[PDB]
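Text of final.pdb (PDB, C-alpha atoms) as supplied:
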ATOM      1  CA  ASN R 111      13.816 -65.163  32.213
ATOM      2  CA  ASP R 112      12.672 -64.601  35.809
ATOM      3  CA  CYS R 113      10.375 -61.940  34.338
ATOM      4  CA  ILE R 114       7.433 -64.352  34.512
ATOM      5  CA  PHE R 115       4.745 -64.395  37.213
ATOM      6  CA  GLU R 116       1.241 -65.846  37.103
ATOM      7  CA  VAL R 117      -2.004 -63.954  37.768
ATOM      8  CA  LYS R 118      -5.207 -65.890  38.482
ATOM      9  CA  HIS R 119      -8.852 -64.894  38.639
ATOM     10  CA  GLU R 120     -10.461 -68.184  37.545
ATOM     11  CA  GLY R 121      -7.422 -70.265  38.524
ATOM     12  CA  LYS R 122      -5.843 -69.865  35.072
ATOM     13  CA  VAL R 123      -3.009 -67.603  33.961
ATOM     14  CA  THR R 124      -4.416 -64.280  32.750
ATOM     15  CA  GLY R 125      -1.397 -61.975  32.649
ATOM     16  CA  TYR R 126       2.247 -61.527  33.546
ATOM     17  CA  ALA R 127       4.150 -59.418  36.091
ATOM     18  CA  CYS R 128       7.870 -58.924  36.473
ATOM     19  CA  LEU R 129      10.959 -57.781  38.290
ATOM     20  CA  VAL R 130      12.936 -54.937  36.761
ATOM     21  CA  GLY R 131      15.462 -52.440  38.123
ATOM     22  CA  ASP R 132      14.293 -51.845  41.663
ATOM     23  CA  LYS R 133      10.540 -52.368  41.249
ATOM     24  CA  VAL R 134       7.873 -54.937  40.484
ATOM     25  CA  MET R 135       5.142 -54.091  38.011
ATOM     26  CA  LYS R 136       2.127 -55.716  36.386
ATOM     27  CA  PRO R 137      -0.488 -54.441  33.950
ATOM     28  CA  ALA R 138      -3.499 -53.243  35.922
ATOM     29  CA  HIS R 139      -5.978 -54.598  33.350
ATOM     30  CA  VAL R 140      -5.227 -58.214  34.328
ATOM     31  CA  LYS R 141      -7.561 -59.576  36.998
ATOM     32  CA  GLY R 142      -6.138 -61.568  39.888
ATOM     33  CA  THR R 143      -3.210 -61.784  42.278
ATOM     34  CA  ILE R 144       0.469 -62.666  41.938
ATOM     35  CA  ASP R 145       1.405 -66.337  42.279
ATOM     36  CA  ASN R 146       4.195 -65.455  44.722
ATOM     37  CA  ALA R 147       2.582 -64.763  48.094
ATOM     38  CA  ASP R 148       5.553 -62.557  49.013
ATOM     39  CA  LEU R 149       4.818 -60.202  46.085
ATOM     40  CA  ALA R 150       1.006 -60.268  46.199
ATOM     41  CA  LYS R 151       0.933 -58.939  49.780
ATOM     42  CA  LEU R 152       2.816 -55.713  48.995
ATOM     43  CA  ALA R 153       1.131 -52.323  48.676
ATOM     44  CA  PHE R 154       0.726 -51.505  44.987
ATOM     45  CA  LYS R 155       0.443 -48.088  43.353
ATOM     46  CA  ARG R 156      -2.137 -48.101  40.581
ATOM     47  CA  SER R 157      -2.437 -45.829  37.533
ATOM     48  CA  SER R 158      -5.048 -46.099  34.786
ATOM     49  CA  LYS R 159      -3.542 -43.637  32.293
ATOM     50  CA  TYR R 160      -0.718 -46.168  31.909
ATOM     51  CA  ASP R 161      -2.757 -49.158  33.186
ATOM     52  CA  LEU R 162      -0.111 -50.410  35.618
ATOM     53  CA  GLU R 163       0.375 -51.473  39.246
ATOM     54  CA  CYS R 164       3.833 -51.198  40.797
ATOM     55  CA  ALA R 165       5.672 -51.768  44.065
ATOM     56  CA  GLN R 166       9.201 -52.163  45.388
ATOM     57  CA  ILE R 167      10.964 -55.532  45.238
ATOM     58  CA  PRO R 168      12.120 -56.840  48.636
ATOM     59  CA  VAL R 169      15.868 -56.950  49.225
ATOM     60  CA  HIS R 170      16.346 -60.729  48.990
ATOM     61  CA  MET R 171      15.483 -60.665  45.261
ATOM     62  CA  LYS R 172      18.464 -58.461  44.349
ATOM     63  CA  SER R 173      19.723 -61.341  42.195
ATOM     64  CA  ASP R 174      16.332 -61.806  40.493
ATOM     65  CA  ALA R 175      15.911 -58.250  39.161
ATOM     66  CA  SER R 176      16.649 -57.854  35.452
ATOM     67  CA  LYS R 177      18.292 -54.912  33.732
ATOM     68  CA  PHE R 178      16.338 -52.191  31.944
ATOM     69  CA  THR R 179      17.204 -49.532  29.395
ATOM     70  CA  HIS R 180      15.449 -46.561  27.797
ATOM     71  CA  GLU R 181      17.477 -46.393  24.562
ATOM     72  CA  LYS R 182      15.606 -48.112  21.732
ATOM     73  CA  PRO R 183      17.051 -48.046  18.205
ATOM     74  CA  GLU R 184      15.337 -49.113  15.006
ATOM     75  CA  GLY R 185      15.281 -52.834  14.339
ATOM     76  CA  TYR R 186      14.383 -56.206  15.800
ATOM     77  CA  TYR R 187      13.576 -57.018  19.425
ATOM     78  CA  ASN R 188      12.929 -60.396  21.024
ATOM     79  CA  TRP R 189      10.147 -61.709  23.256
ATOM     80  CA  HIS R 190       8.497 -65.022  24.087
ATOM     81  CA  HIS R 191       6.310 -65.068  20.946
ATOM     82  CA  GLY R 192       9.124 -64.875  18.420
ATOM     83  CA  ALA R 193      10.433 -61.425  17.503
ATOM     84  CA  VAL R 194       8.986 -57.947  16.964
ATOM     85  CA  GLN R 195       9.919 -55.187  14.515
ATOM     86  CA  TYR R 196      10.237 -51.726  16.040
ATOM     87  CA  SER R 197      10.289 -49.138  13.264
ATOM     88  CA  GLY R 198       8.970 -45.625  12.774
ATOM     89  CA  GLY R 199       8.723 -45.196  16.537
ATOM     90  CA  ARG R 200       6.294 -48.119  16.784
ATOM     91  CA  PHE R 201       6.341 -51.822  17.660
ATOM     92  CA  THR R 202       4.757 -54.191  15.142
ATOM     93  CA  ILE R 203       4.555 -57.892  14.296
ATOM     94  CA  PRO R 204       2.809 -59.489  11.291
ATOM     95  CA  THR R 205      -0.910 -60.121  11.256
ATOM     96  CA  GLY R 206      -2.147 -62.771  13.679
ATOM     97  CA  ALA R 207       1.187 -63.392  15.420
ATOM     98  CA  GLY R 208      -0.323 -62.290  18.717
ATOM     99  CA  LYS R 209      -3.466 -63.695  20.275
ATOM    100  CA  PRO R 210      -5.654 -62.382  23.119
ATOM    101  CA  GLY R 211      -4.872 -63.368  26.697
ATOM    102  CA  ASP R 212      -1.091 -63.043  26.394
ATOM    103  CA  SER R 213      -0.785 -59.510  27.797
ATOM    104  CA  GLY R 214       1.868 -58.788  30.367
ATOM    105  CA  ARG R 215       4.644 -60.054  28.115
ATOM    106  CA  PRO R 216       7.710 -57.784  28.182
ATOM    107  CA  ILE R 217       9.758 -57.008  25.082
ATOM    108  CA  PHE R 218      13.535 -57.440  25.237
ATOM    109  CA  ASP R 219      16.455 -56.121  23.213
ATOM    110  CA  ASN R 220      19.367 -58.247  21.966
ATOM    111  CA  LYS R 221      21.051 -58.014  25.397
ATOM    112  CA  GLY R 222      17.979 -59.145  27.342
ATOM    113  CA  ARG R 223      16.929 -55.704  28.606
ATOM    114  CA  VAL R 224      13.245 -54.842  28.961
ATOM    115  CA  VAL R 225      12.137 -51.976  26.728
ATOM    116  CA  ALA R 226       8.332 -52.375  26.606
ATOM    117  CA  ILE R 227       5.388 -54.360  27.979
ATOM    118  CA  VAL R 228       2.569 -55.301  25.607
ATOM    119  CA  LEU R 229      -1.074 -54.589  26.411
ATOM    120  CA  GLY R 230      -2.704 -55.088  23.027
ATOM    121  CA  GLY R 231      -2.522 -54.964  19.269
ATOM    122  CA  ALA R 232      -4.413 -53.800  16.212
ATOM    123  CA  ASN R 233      -4.107 -55.136  12.666
ATOM    124  CA  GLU R 234      -3.920 -52.878   9.597
ATOM    125  CA  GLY R 235      -3.448 -54.498   6.204
ATOM    126  CA  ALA R 236      -0.931 -57.309   6.542
ATOM    127  CA  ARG R 237       0.747 -56.056   9.741
ATOM    128  CA  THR R 238      -0.439 -55.626  13.324
ATOM    129  CA  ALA R 239       0.970 -52.891  15.546
ATOM    130  CA  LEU R 240       1.298 -53.096  19.319
ATOM    131  CA  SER R 241      -0.255 -50.864  21.974
ATOM    132  CA  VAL R 242       2.331 -51.013  24.768
ATOM    133  CA  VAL R 243       4.002 -48.877  27.428
ATOM    134  CA  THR R 244       7.652 -47.825  27.232
ATOM    135  CA  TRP R 245       9.851 -45.382  29.021
ATOM    136  CA  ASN R 246      11.698 -42.230  28.331
ATOM    137  CA  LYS R 247      14.153 -42.103  31.164
ATOM    138  CA  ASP R 248      11.865 -39.538  32.713
ATOM    139  CA  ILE R 249       8.313 -40.895  32.456
ATOM    140  CA  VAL R 250       6.291 -43.943  31.549
ATOM    141  CA  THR R 251       4.580 -43.334  28.219
ATOM    142  CA  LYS R 252       1.998 -45.388  26.338
ATOM    143  CA  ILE R 253       1.942 -45.924  22.576
ATOM    144  CA  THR R 254      -1.386 -46.957  21.012
ATOM    145  CA  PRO R 255      -1.639 -47.372  17.208
ATOM    146  CA  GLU R 256      -4.840 -45.327  16.832
ATOM    147  CA  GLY R 257      -6.637 -47.836  19.046
ATOM    148  CA  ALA R 258      -6.044 -51.525  19.757
ATOM    149  CA  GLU R 259      -7.854 -54.482  21.309
ATOM    150  CA  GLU R 260      -7.125 -55.600  24.858
ATOM    151  CA  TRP R 261      -5.411 -58.895  25.603
TER
ATOM    152  CA  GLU P 343     -36.346  22.393  56.322
ATOM    153  CA  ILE P 344     -33.490  24.770  57.140
ATOM    154  CA  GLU P 345     -32.948  28.499  56.663
ATOM    155  CA  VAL P 346     -29.790  29.256  54.681
ATOM    156  CA  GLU P 347     -27.982  32.443  53.683
ATOM    157  CA  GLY P 348     -24.566  33.241  52.243
ATOM    158  CA  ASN P 349     -21.547  31.080  53.042
ATOM    159  CA  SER P 350     -22.127  29.362  56.377
ATOM    160  CA  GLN P 351     -22.704  26.014  58.083
ATOM    161  CA  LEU P 352     -25.895  24.257  59.144
ATOM    162  CA  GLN P 353     -26.538  21.629  61.816
ATOM    163  CA  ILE P 354     -28.877  18.653  61.432
ATOM    164  CA  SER P 355     -29.859  15.864  63.802
ATOM    165  CA  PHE P 356     -30.214  12.284  62.611
ATOM    166  CA  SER P 357     -30.753   8.798  63.987
ATOM    167  CA  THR P 358     -29.505   5.446  62.747
ATOM    168  CA  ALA P 359     -28.893   1.843  63.728
ATOM    169  CA  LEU P 360     -25.682   1.453  61.724
ATOM    170  CA  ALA P 361     -22.365   1.049  63.502
ATOM    171  CA  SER P 362     -20.729   3.000  60.654
ATOM    172  CA  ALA P 363     -23.040   5.728  59.364
ATOM    173  CA  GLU P 364     -22.285   6.293  55.670
ATOM    174  CA  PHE P 365     -25.105   8.202  54.005
ATOM    175  CA  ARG P 366     -25.976  11.060  51.669
ATOM    176  CA  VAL P 367     -28.023  14.188  52.362
ATOM    177  CA  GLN P 368     -29.950  16.221  49.783
ATOM    178  CA  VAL P 369     -30.420  19.942  50.424
ATOM    179  CA  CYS P 370     -31.891  21.983  47.546
ATOM    180  CA  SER P 371     -31.017  19.147  45.128
ATOM    181  CA  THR P 372     -27.364  19.271  46.268
ATOM    182  CA  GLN P 373     -25.951  16.011  47.619
ATOM    183  CA  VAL P 374     -23.333  15.644  50.355
ATOM    184  CA  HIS P 375     -21.783  12.371  51.498
ATOM    185  CA  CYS P 376     -21.531  12.104  55.286
ATOM    186  CA  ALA P 377     -19.495   9.413  57.020
ATOM    187  CA  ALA P 378     -18.999   8.698  60.707
ATOM    188  CA  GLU P 379     -18.298   6.032  63.306
ATOM    189  CA  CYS P 380     -21.186   5.658  65.750
ATOM    190  CA  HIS P 381     -20.998   4.464  69.345
ATOM    191  CA  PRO P 382     -23.623   2.490  71.281
ATOM    192  CA  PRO P 383     -25.584   4.263  74.019
ATOM    193  CA  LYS P 384     -25.200   3.507  77.710
ATOM    194  CA  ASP P 385     -28.914   3.607  78.620
ATOM    195  CA  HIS P 386     -30.439   0.156  78.215
ATOM    196  CA  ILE P 387     -34.178   0.923  78.128
ATOM    197  CA  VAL P 388     -36.196   3.901  76.874
ATOM    198  CA  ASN P 389     -39.886   4.789  76.846
ATOM    199  CA  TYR P 390     -40.216   5.747  73.165
ATOM    200  CA  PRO P 391     -40.115   3.694  69.956
ATOM    201  CA  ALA P 392     -37.045   3.789  67.752
ATOM    202  CA  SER P 393     -37.047   6.689  65.300
ATOM    203  CA  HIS P 394     -34.736   4.811  62.913
ATOM    204  CA  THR P 395     -35.502   1.775  60.795
ATOM    205  CA  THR P 396     -33.993  -1.612  61.567
ATOM    206  CA  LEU P 397     -30.942  -2.804  59.667
ATOM    207  CA  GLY P 398     -31.545  -5.674  57.281
ATOM    208  CA  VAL P 399     -29.280  -8.101  55.423
ATOM    209  CA  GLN P 400     -27.731  -5.794  52.785
ATOM    210  CA  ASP P 401     -26.873  -2.491  54.519
ATOM    211  CA  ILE P 402     -25.042  -4.332  57.280
ATOM    212  CA  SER P 403     -21.706  -4.563  59.098
ATOM    213  CA  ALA P 404     -19.429  -1.712  60.201
ATOM    214  CA  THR P 405     -16.458   0.073  58.680
ATOM    215  CA  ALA P 406     -14.378  -2.643  60.336
ATOM    216  CA  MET P 407     -15.789  -5.167  57.877
ATOM    217  CA  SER P 408     -12.353  -5.139  56.234
ATOM    218  CA  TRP P 409     -11.603  -8.168  58.409
ATOM    219  CA  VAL P 410     -14.270 -10.061  56.464
ATOM    220  CA  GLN P 411     -12.750  -8.845  53.191
ATOM    221  CA  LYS P 412      -9.242  -9.810  54.326
ATOM    222  CA  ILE P 413     -10.243 -13.309  55.435
ATOM    223  CA  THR P 414     -12.275 -13.865  52.258
ATOM    224  CA  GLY P 415      -9.376 -12.650  50.130
ATOM    225  CA  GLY P 416      -6.872 -14.874  51.911
ATOM    226  CA  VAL P 417      -9.034 -17.980  51.644
ATOM    227  CA  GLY P 418      -9.837 -17.153  48.022
ATOM    228  CA  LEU P 419      -6.131 -16.729  47.305
ATOM    229  CA  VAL P 420      -5.418 -20.149  48.819
ATOM    230  CA  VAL P 421      -8.250 -21.656  46.764
ATOM    231  CA  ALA P 422      -6.942 -19.895  43.648
ATOM    232  CA  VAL P 423      -3.435 -21.257  44.237
ATOM    233  CA  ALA P 424      -4.833 -24.773  44.632
ATOM    234  CA  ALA P 425      -7.009 -24.404  41.525
ATOM    235  CA  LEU P 426      -4.095 -23.012  39.502
ATOM    236  CA  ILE P 427      -1.897 -25.940  40.542
ATOM    237  CA  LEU P 428      -4.684 -28.369  39.638
ATOM    238  CA  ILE P 429      -5.197 -26.668  36.260
ATOM    239  CA  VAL P 430      -1.468 -26.817  35.502
ATOM    240  CA  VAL P 431      -1.292 -30.511  36.416
ATOM    241  CA  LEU P 432      -4.416 -31.340  34.397
ATOM    242  CA  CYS P 433      -3.096 -29.449  31.366
ATOM    243  CA  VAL P 434       0.235 -31.274  31.625
ATOM    244  CA  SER P 435      -1.524 -34.645  31.858
ATOM    245  CA  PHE P 436      -3.829 -33.833  28.929
ATOM    246  CA  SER P 437      -0.945 -32.643  26.747
ATOM    247  CA  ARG P 438       1.126 -35.707  27.667
ATOM    248  CA  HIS P 439       0.123 -38.978  26.016
TER
ATOM    249  CA  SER Z 372     -21.078 -20.820  62.262
ATOM    250  CA  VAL Z 373     -21.807 -20.790  58.525
ATOM    251  CA  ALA Z 374     -18.782 -18.568  57.840
ATOM    252  CA  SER Z 375     -16.449 -20.838  59.804
ATOM    253  CA  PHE Z 376     -17.943 -23.887  58.076
ATOM    254  CA  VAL Z 377     -17.490 -22.317  54.633
ATOM    255  CA  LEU Z 378     -13.896 -21.293  55.368
ATOM    256  CA  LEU Z 379     -13.023 -24.767  56.662
ATOM    257  CA  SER Z 380     -14.704 -26.352  53.633
ATOM    258  CA  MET Z 381     -12.679 -24.144  51.283
ATOM    259  CA  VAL Z 382      -9.475 -25.026  53.145
ATOM    260  CA  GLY Z 383     -10.298 -28.728  52.876
ATOM    261  CA  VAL Z 384     -11.095 -28.356  49.177
ATOM    262  CA  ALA Z 385      -7.756 -26.624  48.592
ATOM    263  CA  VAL Z 386      -5.951 -29.393  50.484
ATOM    264  CA  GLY Z 387      -7.743 -32.046  48.433
ATOM    265  CA  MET Z 388      -6.891 -30.380  45.128
ATOM    266  CA  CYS Z 389      -3.255 -30.024  46.205
ATOM    267  CA  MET Z 390      -3.070 -33.710  47.166
ATOM    268  CA  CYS Z 391      -4.663 -34.713  43.856
ATOM    269  CA  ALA Z 392      -2.225 -32.555  41.885
ATOM    270  CA  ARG Z 393       0.705 -33.988  43.846
ATOM    271  CA  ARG Z 394      -0.394 -37.586  43.266
ATOM    272  CA  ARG Z 395      -0.900 -36.927  39.548
ATOM    273  CA  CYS Z 396       2.567 -35.367  39.325
ATOM    274  CA  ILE Z 397       4.232 -38.203  41.253
ATOM    275  CA  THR Z 398       2.506 -41.132  39.493
ATOM    276  CA  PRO Z 399       4.594 -40.945  36.260
ATOM    277  CA  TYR Z 400       7.791 -41.036  38.348
ATOM    278  CA  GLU Z 401       6.954 -43.948  40.662
ATOM    279  CA  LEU Z 402       6.386 -46.214  37.635
ATOM    280  CA  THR Z 403       9.701 -45.648  35.800
ATOM    281  CA  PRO Z 404      12.300 -48.250  36.875
ATOM    282  CA  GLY Z 405      15.000 -45.578  37.032
ATOM    283  CA  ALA Z 406      14.856 -43.810  40.395
ATOM    284  CA  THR Z 407      15.066 -40.358  38.819
ATOM    285  CA  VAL Z 408      13.163 -37.301  40.055
ATOM    286  CA  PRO Z 409      14.004 -33.575  39.833
ATOM    287  CA  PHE Z 410      15.196 -32.185  43.151
ATOM    288  CA  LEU Z 411      12.603 -29.405  42.910
ATOM    289  CA  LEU Z 412       9.810 -31.984  42.723
ATOM    290  CA  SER Z 413      11.379 -33.799  45.678
ATOM    291  CA  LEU Z 414      11.310 -30.568  47.696
ATOM    292  CA  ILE Z 415       7.683 -30.081  46.628
ATOM    293  CA  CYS Z 416       6.763 -33.578  47.841
TER
END

With the file now loaded, output its structure as structure tokens.
Amino acid sequence: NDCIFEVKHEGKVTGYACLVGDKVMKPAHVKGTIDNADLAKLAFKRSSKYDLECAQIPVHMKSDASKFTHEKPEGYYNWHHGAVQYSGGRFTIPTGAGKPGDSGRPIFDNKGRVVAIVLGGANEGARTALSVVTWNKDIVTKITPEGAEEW
Amino acid sequence: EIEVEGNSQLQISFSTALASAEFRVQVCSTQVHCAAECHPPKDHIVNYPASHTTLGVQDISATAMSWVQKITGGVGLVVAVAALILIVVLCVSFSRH
Amino acid sequence: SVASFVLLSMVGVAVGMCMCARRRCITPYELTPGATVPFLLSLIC
């Protein structure tokens, strides 16, 4: 919900970028530019350890920014492709629920707050875990389930 | 060669090109370390070849080379501070995942 | 000339390492939506 922006390299949508708190971010592994010309022209800060590009939202989008929260209890979270199970300190879905090319999708809690952004997934047995980034209030951390494939 | 007897003092003449003359003298297999600050002469040209050898690239500089040591130590300390900060940051980033 | 060049090169190297360390320290904080940073790090930057 207003956390959806298109990125094009061949003219098609390759990844998603959003508005949260006081900043815009997008995964840095998605090729292309933001659909909104106002956001694509900004100066982005780019980090490969977390694979992310970020900038500051202009003032006039104060109504567009969504809430965020670091607290993340055990249980179910919601996103565009159904729902995800976060347990044991790790996000998972069942095997084959995700497909490549959908990266950039944020994960929301029951109140609609962003808690993680997916970059990939890896399937073990009947369940596939998610390699995403999340945030202790202090720093942006990345969780990878012993390796995962990029989306 | 010198003539020596009892407890006394002896005078020797020497020549050098070093600004700070730090050397050792052997007399009857006994070594003494002599040190001095030398001053340049006022006569520009002489009619006889130099009795001392030229100074090379190792036995160089004067006693006031401590400026070189001080500047090298200061720059090395700055470099060490920068390298220590870089090492700390790299260790933090490697430990963090 | 070579001594001045070496000293200036070492100074530039130290400056570059300090900038790299500062950017690596600041990067985790400019990507968290909460605008939180220790005051000591702010004084450093």

Atom pair atom CA of residue R:165 / atom CA of residue R:134: separation (Å)
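So the two atoms, atom CA of residue R:165 and atom CA of residue R:134, lie 5.3 Å apart.
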
Calculate, to one decimal in Å, the centre and edge lengths of the box along x, y and z of the file that holds all listed atoms of stretch 112-124 of chain R with 5 Å of margin on each side, and present them as AutoDock Vina command-line options.
--center_x 1.1 --center_y -66.1 --center_z 35.7 --size_x 33.1 --size_y 18.3 --size_z 15.9

Applied to the shown file, which residues does the PyMOL selection byres ((chain Z) within 7 of (chain P)) return, written as number ranges by chain?
Z: 378, 381, 385, 388-389, 392, 396

Identify every residue of chain Z that has at least one atom within 7 Å of any atom of chain R, counting only C-alpha atoms, and report the result as a PDB file with C-alpha atoms, keeping the file's coordinate frame.
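For reference, out_33.pdb as written:
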ATOM      1  CA  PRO Z 399       4.594 -40.945  36.260  1.00  0.00           C
ATOM      2  CA  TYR Z 400       7.791 -41.036  38.348  1.00  0.00           C
ATOM      3  CA  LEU Z 402       6.386 -46.214  37.635  1.00  0.00           C
ATOM      4  CA  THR Z 403       9.701 -45.648  35.800  1.00  0.00           C
ATOM      5  CA  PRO Z 404      12.300 -48.250  36.875  1.00  0.00           C
ATOM      6  CA  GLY Z 405      15.000 -45.578  37.032  1.00  0.00           C
ATOM      7  CA  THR Z 407      15.066 -40.358  38.819  1.00  0.00           C
TER       8      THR Z 407
END

For residue R:222: contacts at 9 Å, all atoms listed in the file, fewer than 2 positions along chain excluded, given as JSON, numbers by chain:
{"R": [111, 176, 177, 178, 188, 217, 218, 219, 220, 224]}

Those same residues - C-alpha atoms - I'd like them written as a PDB file, in the frame of the given file.
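Now in out_30.pdb:
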ATOM      1  CA  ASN R 111      13.816 -65.163  32.213  1.00  0.00           C
ATOM      2  CA  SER R 176      16.649 -57.854  35.452  1.00  0.00           C
ATOM      3  CA  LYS R 177      18.292 -54.912  33.732  1.00  0.00           C
ATOM      4  CA  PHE R 178      16.338 -52.191  31.944  1.00  0.00           C
ATOM      5  CA  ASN R 188      12.929 -60.396  21.024  1.00  0.00           C
ATOM      6  CA  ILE R 217       9.758 -57.008  25.082  1.00  0.00           C
ATOM      7  CA  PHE R 218      13.535 -57.440  25.237  1.00  0.00           C
ATOM      8  CA  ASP R 219      16.455 -56.121  23.213  1.00  0.00           C
ATOM      9  CA  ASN R 220      19.367 -58.247  21.966  1.00  0.00           C
ATOM     10  CA  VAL R 224      13.245 -54.842  28.961  1.00  0.00           C
TER      11      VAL R 224
END

Separation of atom CA of residue R:112 from atom CA of residue R:239 in Å:
26.2 Å

Need to verify the contact set: residue R:146, 9 Å, all atoms listed in the file, exclusion of same-chain residues closer than 3 positions in sequence. Can you return it as a PDB file with C-alpha atoms, keeping the file's coordinate frame?
ATOM      1  CA  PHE R 115       4.745 -64.395  37.213  1.00  0.00           C
ATOM      2  CA  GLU R 116       1.241 -65.846  37.103  1.00  0.00           C
ATOM      3  CA  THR R 143      -3.210 -61.784  42.278  1.00  0.00           C
ATOM      4  CA  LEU R 149       4.818 -60.202  46.085  1.00  0.00           C
ATOM      5  CA  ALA R 150       1.006 -60.268  46.199  1.00  0.00           C
ATOM      6  CA  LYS R 151       0.933 -58.939  49.780  1.00  0.00           C
TER       7      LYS R 151
END

Separating atom CA of residue R:243 from atom CA of residue R:229, to the nearest tenth of an Å, is a gap of 7.7 Å
